[PDB]
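# Architecture and fold: a report
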Amino acid sequence: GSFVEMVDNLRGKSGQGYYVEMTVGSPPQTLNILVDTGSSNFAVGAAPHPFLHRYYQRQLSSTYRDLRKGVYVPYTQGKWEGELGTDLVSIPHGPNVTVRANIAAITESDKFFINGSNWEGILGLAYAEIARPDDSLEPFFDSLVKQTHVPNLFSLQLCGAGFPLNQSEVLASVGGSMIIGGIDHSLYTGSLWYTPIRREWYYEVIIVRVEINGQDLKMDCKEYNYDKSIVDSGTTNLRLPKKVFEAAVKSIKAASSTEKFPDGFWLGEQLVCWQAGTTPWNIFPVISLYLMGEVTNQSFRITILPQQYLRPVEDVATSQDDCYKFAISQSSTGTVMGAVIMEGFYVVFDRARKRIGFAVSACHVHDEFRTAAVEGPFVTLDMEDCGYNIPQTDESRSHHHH
Ligand SMILES: CN1C(=O)[C@]2(CC(C)(C)Oc3ccc(Br)cc32)N=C1N
Ligand code: NI
Ligand code: NI
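Residues numbered from 1 in each chain as written, not as in the entry; some residues may be left out. Chains lettered and ligands numbered in written order. Heavy atoms only, no water.

Named according to the PDB entry, the chain is Beta-secretase 1 originating from Homo sapiens. Each PDB entry has a title, and for this one the record gives "Spirocyclic Beta-Site Amyloid Precursor Protein Cleaving Enzyme 1 (BACE1) Inhibitors". The chain has a UniProt comment under Sequence similarities that states "Belongs to the peptidase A1 family." (UniProt positions renumbered as here; feature names shortened; annotations may be inferred.)

Here it is as structure tokens:
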């Protein structure tokens, strides 16, 4: 249970994503690649862009092969597109192996690259079902497992930031570890609890109960997973379905009512500040998500602190103050357990056993009164089915799966 060479292999800027160094092609072209458990393509900048100072140059790679097929990927914010091919890929601070993987060479994009994020590509770690153009495009991790003896598992320790912040002009630096093929015991303390992967597409899980400062939200538990709940390293916030978001904000407002914040704050559109080191952490409640256990009628809870859901941002004009962004936000596409959740925990993506593990992170941000926690079991007699069944479209139904 030791992978010393892979510890501390993640870097990034607060709110702009965690990246790992990867090499592509022969000779190796080193690139910084976003670790994204919410998508399934390996896609790298492959042409000049304002926000890039390096990119994948296919012509410099003797081992590159063009697949003679394009790919176009639209999403809420914008799009990326490019040419599909294969090349040799390694992770210099990962396993001592080289694999031939699919690579999408991004030729054009809109609102994809983030200025100052320091990454040039994305490593989609989710399953083939959500790969583009379709599920025949084998994701990177699938290739890695198939071509090597690397166990079908990876784990993420994402370490967040906090005051005092070093720079006023630029965003705070974050770090972490991606352990490929195993679990490193130095990265967590206490018990490691597993929730089933409900289905292999996103890393979909089931939330059975939500509490805010020990108070049950008392909603039909299907509402927690409407229309899915996923674990996504490529999302910053904890994102909650509309009804759940409104109930949670109501509860957090009530707890912190001594402070009257503007509407913009609760919408994540405005910072709120206190004089340096005087932030009244104790007026903000802990949030507990109970996840379905491996055993029928069992659950366990993960509990996060306001230090996780209030993100530090050092303002240029307000450098005397500690300022924060509210990092819980509304979703119309289900619950997203983003960096806000993950930064409390060591998270094990145990693909081999179709489960996701949580333990208290050795690096989580806390104070002297409360800690992020992973606790169980909690037993519920005749536990209900909290999973939502997405209405089946004719287009989806018509697909064959040979
Ligand atoms: C929420 N989410 C996204 O919007 C997405 C989708 C896609 C990979 C297309 O493009 C990006 C680009 C940058 C960042 Br940062 C995240 C993503 N990945 C996740 N997980
Ligand atoms: Ni390096
Ligand atoms: Ni057929």
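## Let's talk about the overall build of the chain
For the chain, the count of helices and strands is 6 helices and 25 strands. Its C-alpha atoms give the chain a radius of gyration of 21 Å, near enough to 21 Å, the size a compact globule of 402 residues would have. Taken along its principal axes, the extent of the C-alpha atoms in the chain is 65 × 55 × 45 Å. The 402 residues of the chain split such that 55% are buried. Summarising the internal contacts of the chain: among those between residues at least 6 apart in sequence, 71% fall at separations of at least 24. When the accessible surface of the chain is split by element, carbon and sulfur atoms take 49% of a total near 18200 Å². (Helix = DSSP H or I, 4+ residues; strand = E, 2+ residues; numbered from the N terminus. Rg over C-alpha atoms; globule rule 2.2 N^0.38 Å. Buried < 20%, exposed > 50% of the residue type's maximum accessible area, 1.4 Å probe, protein only. Contact = heavy atoms within 4.5 Å. Areas by Shrake-Rupley, 256 points an atom, 1.4 Å probe, with all protein chains shown as cover.)

## Regarding the pattern of salt bridges
Taken as a whole, this structure holds 19 salt bridges when the rule is applied. One salt bridge connects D110 with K79, and the closest N-O pair in it is separated by 3.1 Å. You can see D110 sitting in strand β7 (residues 99-110) and its partner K79 sitting in strand β6 (residues 79-90), a full 31 residues away along the chain. For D110, a relative accessible area of 41% puts it in the partly exposed group. You can call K79 buried: its relative accessible area is 13%. Between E343 and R311 there is a salt bridge, and its shortest N-O distance comes to 2.8 Å. Taken as a pair, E343 in the loop between α5 (339-342) and β23 (345-350) and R311 in strand β19 (residues 310-312) lie far apart in primary sequence, 32 residues in all. Comparing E343 with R311 shows no difference in burial state: the two are buried. (Salt bridge = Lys/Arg side-chain N within 4 Å of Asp/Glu carboxyl O.)

## Overview of the sheet that holds strand β21 (residues 328-331)
Across the sheet, 4 strands lie side by side as β14-β22-β15-β21; this open sheet has mixed pairing. The open sheet has two free edges, formed respectively by β14 (229-231) and β21, since each of these has just one partner strand. When strand polarity is set aside, the average angle formed by the axes of neighbouring strands in this sheet is 25°. One ladder, built from 4 bridges, connects strand β15 (residues 238-241) with β21; its direction is parallel. Residue pairing for β21: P241 is matched across the bridge by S331. (Pairing = 2+ DSSP bridges. Axes fitted to C-alpha atoms, helices over the stretch in contact; angles between N-to-C directions.)

## Thoughts on the nonpolar core
Of all hydrophobic cores here, the largest spans 102 residues; its most connected members are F42, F140, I302, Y309, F326 and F358. Both domains that meet at this core, namely domain 1 (18-150) and domain 2 (151-402), each give it at least three residues. Excluding residues within four positions of it along the chain, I302 makes contact with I287, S288, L289, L291, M337, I341, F345, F358, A373 and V374. (Core = buried A, V, L, I, M, F, W, Y, C linked by side-chain atoms within 4.5 Å. Domains from an automatic or database assignment.)

## Some points on helix α2 (residues 242-255)
Relative to the 20 Å expected for 14 residues at 1.5 Å per residue, α2 spans 20 Å between its end C-alpha atoms, a close match to the ideal helical length. Taken residue by residue, α2 has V244, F245, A248, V249, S251 and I252 as its buried positions. Along the axis of α2, the buried residues cluster in a sector spanning 165°; they form a single face. In α2, the exposed positions angled more than 90 degrees off the buried face are occupied by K243, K250 and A254. (Expected span 1.5 Å × (residues − 1). Arc of directions from axis to C-beta.)

## A closer look at the state of the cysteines
In the structure shown here, the tally under the stated rule is 3 disulfides. Each sulfur of the disulfide joining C221 and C386 lies 2.0 Å from the other. As the torsion about the S-S bond is roughly -85°, the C221-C386 disulfide counts as left-handed. In this pair, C221 sits in the loop between β13 (215-216) and β14 while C386 sits in the loop between β25 (373-379) and α6 (394-398), placing the two residues 165 residues apart along the sequence. Per residue, the accessibility class of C221 equals that of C386, and both read buried. One disulfide in the model links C273 with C323; its S-S distance is 2.0 Å. (Disulfide = S-S within 2.5 Å.)

## Some thoughts on empty space enclosed by the protein
Scanning the model with the defined rule gives 3 cavities of 30 Å³ or more in all. Put simply, the largest cavity is a space of about 80 Å³. Lining the largest cavity are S14, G160, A161, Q307, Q308, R311, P312, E343 and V365. Contributing elements (two or more residues each) for the lining of the largest cavity: α4 (306-309) and β19. Classifying every residue of the lining of the largest cavity by side-chain character gives 3 nonpolar, 4 polar and 2 charged. When its volume is computed, the second largest cavity comes out at roughly 60 Å³. (1 Å grid on protein atoms, 1.4 Å probe; cavity = no way out; pocket = protein on both sides within 12 Å on 5 of 7 lines; lining within 4 Å. Points joined across faces, edges and corners; volume = space filled by probe spheres on them. Nonpolar A, V, L, I, M, F, W, Y, C, P; charged D, E, K, R; others polar.)

## Observations concerning the domain arrangement of the chain
Per the domain assignment, the segments making up the chain are domain 1 (18-150) and domain 2 (151-402). Placing a centre on the C-alpha atoms of domain 1 and another on those of domain 2 gives a separation of 27 Å. With 20 residues of domain 1 in contact, the opposing surface of domain 2 contributes 26 residues. A per-residue breakdown of the area domain 1 buries against domain 2 is headed by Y18, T37 and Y127, which together make up 41% of the total. One can count 2 salt bridges joining domain 1 with domain 2. The interface formed by domain 1 and domain 2 includes 11 residue pairs in polar contact. (Buried area = accessible area lost by both parts, 1.4 Å probe. Polar contact = N/O pair within 3.5 Å; in protein donor to acceptor, adjacent residues only side chain to side chain.)

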